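# Breakdown of the fold
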Amino acid sequence: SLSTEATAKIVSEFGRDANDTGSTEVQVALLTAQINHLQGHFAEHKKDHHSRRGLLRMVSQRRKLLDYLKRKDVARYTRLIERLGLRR
Amino acid sequence: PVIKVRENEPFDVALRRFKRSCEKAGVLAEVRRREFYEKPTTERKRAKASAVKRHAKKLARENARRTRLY
Amino acid sequence: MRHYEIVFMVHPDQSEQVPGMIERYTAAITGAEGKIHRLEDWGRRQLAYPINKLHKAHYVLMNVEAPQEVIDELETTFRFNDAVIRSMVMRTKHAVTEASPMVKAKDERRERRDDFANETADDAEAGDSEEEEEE
Amino acid sequence: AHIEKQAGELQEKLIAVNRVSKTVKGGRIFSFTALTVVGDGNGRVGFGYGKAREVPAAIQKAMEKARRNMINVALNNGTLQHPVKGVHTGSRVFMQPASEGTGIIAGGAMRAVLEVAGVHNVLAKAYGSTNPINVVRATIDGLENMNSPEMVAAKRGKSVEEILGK
Amino acid sequence: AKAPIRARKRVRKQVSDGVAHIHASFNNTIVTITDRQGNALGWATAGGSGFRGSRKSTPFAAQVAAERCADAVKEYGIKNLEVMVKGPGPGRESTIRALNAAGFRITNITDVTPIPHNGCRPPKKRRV
Amino acid sequence: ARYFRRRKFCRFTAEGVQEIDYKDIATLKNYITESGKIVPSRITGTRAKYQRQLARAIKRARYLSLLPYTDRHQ
RNA sequence: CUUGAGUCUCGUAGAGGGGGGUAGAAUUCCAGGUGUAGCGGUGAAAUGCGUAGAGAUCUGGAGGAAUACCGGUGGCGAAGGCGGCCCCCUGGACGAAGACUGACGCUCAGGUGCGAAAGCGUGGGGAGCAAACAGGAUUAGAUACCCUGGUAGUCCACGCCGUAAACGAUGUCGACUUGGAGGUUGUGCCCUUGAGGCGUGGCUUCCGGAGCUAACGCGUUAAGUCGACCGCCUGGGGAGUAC
RNA sequence: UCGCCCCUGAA
């Protein structure tokens, strides 16, 4: 889960400005933040099939957006990667 | 076939066959038989098949009701 | 954090302990960035069927906001208290402090149309203060 | 419908003829059934299924009913004016127009049905299971369904009037 | 009919009340009158009346058994019933009615009947 | 007048109430079978939404031993 | 650029998933009490169980498995599938105003993940039911259906195998095309003065028009009318077998 | 509810 508080932090950091309200940068960012601590939600459980499926979709989505980002502005794509931990 | 509610008045025959309908419905007759999940659920969909068809029957019936043939 | 609403069943002859027991709990809650909305009760109503024997059981309620950290320790107590019988807790949905069926029972007691006992009404008022005294 | 067997120009013809059966309570009966068409060499063609205890009255009754299932067709030349590749029933039907200097080229039902209907330079084809009985459904798929030059021409003429009206 | 008689050696266990247990089984009928102290006074059943087959569950078979049982509790002095009808088969008012007509009356209709929440698994039984 | 923005009823003789259902011995006992069973919805005439709301309350209160669930051994 | 797609905000409902607690009913065992010659089963029977005191019935204790009703073409999930109650962690769906991103999309051989039930390995657990098995019965025979017992197993943990009439026998996505009634869930409006009256979305049944089909029927949730991509079929038996 | 099988071919 991602709190509305944690949301607003990410919105302020990433994107062109603050209060972007969902821009390519912020979109990828939000996903990343979730995924990182939902690694630990499957380190406390074995199989948890529905929730696991959910995680996979977020990973996929994050990559999709990134793919458009390298085709929009290389500089932007490179920058975002450095600030994030997921980039595979 | 009965409920915990009591009848305290003089009787030889009392109402206890609608205390049957406040308990039994085949729920003491399912203790000697095993079924799949498929079996009883399909039967429930024949008692709502009854209810949708009930409306449809009335249109057909109305034509018969006009004429006398009984 | 969020609302919580600990309802539990005390022993019916250890009902005099209740105010003190509550006090120990409530104090810790407040100190942990919680708040006591109101303490409520439901007295020694006659049980429908035996839970841990008995012919009646004490009931009590709580409306509290507290972080999960304290709700942990509270649950631990009950599940290792043999005076405490069953236990339950509900949460969120604003607060059921006012305008719910649990509250409706309480309102009758104050007016003296009691759902259960004159004594039970007094305890709710005491808990809200947090200046409780044993019955 | 209306008569397709008309004095001084009638062109009686037959298609199928066979027996069919029902299994009765006792033994089994035979019903003498058959398909026919009467033309005129100018279109006006139909079909009928008689029921009889004899072959003559099977064809009698089928030519009665032929007149009661007449379809109109109108054309120029010795060939159909429009291709219809439509399919009715499980017998697949195809039908091209073709220039004069070629036969009917068909051994099926659509040899004879495409003769009586004022055409004889048409080229046709069929795919799927062999069954003359529903090759006869090229009444639907070519004679009944058609286009003609003055049909298509009044599409082009209808539109012009609307622009003027506004 | 053909049901045996019964009698008991005690007349000191009375409380003037006793549970009328009835088990109306599809293959038998048991009628047992236990005291209201929860200790047996009498008992009787259809097979001991002499019935066999699926005519041990019949209305007739249930009556005979209810009256065999009556002989086994009369000497204590009991005149109230706390009817506990159970089981799915017939004999479920056959027994009641017979008791009434035998110098007893009903006072309570109670339900003590096994109702499972499927903590055991049913057998298949008959399939011919 | 206009724009008063709610109804004055939510009660019926076969359709339940809305917006609050909660545990408490009194209220619940009217909407359950006398044998400690819960009512069927096809008799009462309640719609799904009413039934779901009531169900929740019932069961909680029941396992706090306010509503019976021992009647086969009571 | 915003109509496709996606995000943000605010709510909405649900047996969605995983984990941990908790209640009672029922069966069973064990213990005690009461009472006596039957019990049980069946179409009849018999095996089995009872004076060493059963069956039933009552009281106490213990354990395993499952949660009566609830409950419904009711709901949720991608599918398989998922039901007492509570907490924790967590996923998906939908609607409402707006706000933003700006084709970022669609599908997909390979590849990767998820798999009912049975099965297998390893360790726990064992009430009931039940392959196997043993008596009895029915039958000419009855290695069965039927009856009385009953072992593996079913159950829990972990891993593995990956199948199913894995079904809507209906690939997935997008786009369209008469309608009617019911069910279910949001939300706007209307002396809301009516639990509702009128809308408009999401999901779900039944009916049925056109059209389609060889027919049965499908029928706006298509088997209708189109496109995109993938998968498969190409006579049956041989054989989902051989190599 | 009382088990219960078996039957070369063209009119």
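As deposited, the entry is annotated with cryo-EM as its determination method and 7.1 Å as its resolution.

### A look at the overall build of chain B
Per the secondary structure count, chain B includes 2 helices and 0 strands. Its C-alpha atoms give chain B a radius of gyration of 20 Å, more than 25% over the compact-globule value 11 Å for 70 residues. By principal-axis analysis of the C-alpha atoms, chain B measures approximately 55 × 40 × 20 Å. By the burial criterion, 16% of the 70 residues in chain B qualify as buried. Carbon and sulfur atoms make up 57% of the accessible area of chain B, which amounts to about 6,100 Å² in all.

### A word on the sheet that holds strand β1 (residues 2-10) of chain C
Strand pairing in a sheet relies on backbone hydrogen bonds. The paired strands run either parallel or antiparallel. Residue and element names in this part refer to chain C. What the 4 strands build is an open sheet, ordered β2-β3-β1-β4; its pairing is antiparallel. Of all strands in the sheet, those bounded by a partner on one side alone are β2 (35-41) and β4 (87-91). Along the sheet, successive strands turn relative to each other by an average axial angle of 15 degrees, direction set aside. With 6 bridges joining them, β2 and strand β3 (residues 58-66) adopt antiparallel strand pairing. Looking across to β3, one finds that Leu39 is bridged to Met62. Taken strand by strand, helix α1 (residues 18-30) contacts β1, β2 and β3, and its axis lies near 10 degrees from that of β3.

### A short note on the pattern of salt bridges
Summed over the entire model, instances satisfying the criterion amount to 28 salt bridges over all chains. Notably, a salt bridge pairs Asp40 of chain D with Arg44 of chain D, separated by 3.2 Å at the nearest N-O pair. On the basis of relative accessibility, which here comes to 5%, the residue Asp40 of chain D falls in the buried class. The network of salt bridges with shared partners includes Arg45, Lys104, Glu108, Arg109 and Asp115 of chain C together with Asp24 of chain F.

How each quantity is defined
- Residues numbered from 1 in each chain as written, not as in the entry; some residues may be left out.
- Chains lettered and ligands numbered in written order.
- Part of a larger assembly, values for the part shown.
- Heavy atoms only, no water.
- Helix = DSSP H or I, 4+ residues; strand = E, 2+ residues; numbered from the N terminus.
- Rg over C-alpha atoms; globule rule 2.2 N^0.38 Å.
- Buried < 20%, exposed > 50% of the residue type's maximum accessible area, 1.4 Å probe, protein only.
- Areas by Shrake-Rupley, 256 points an atom, 1.4 Å probe, with all protein chains shown as cover.
- Pairing = 2+ DSSP bridges.
- Axes fitted to C-alpha atoms, helices over the stretch in contact; angles between N-to-C directions.
- Contact = heavy atoms within 4.5 Å.
- Salt bridge = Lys/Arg side-chain N within 4 Å of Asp/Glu carboxyl O.

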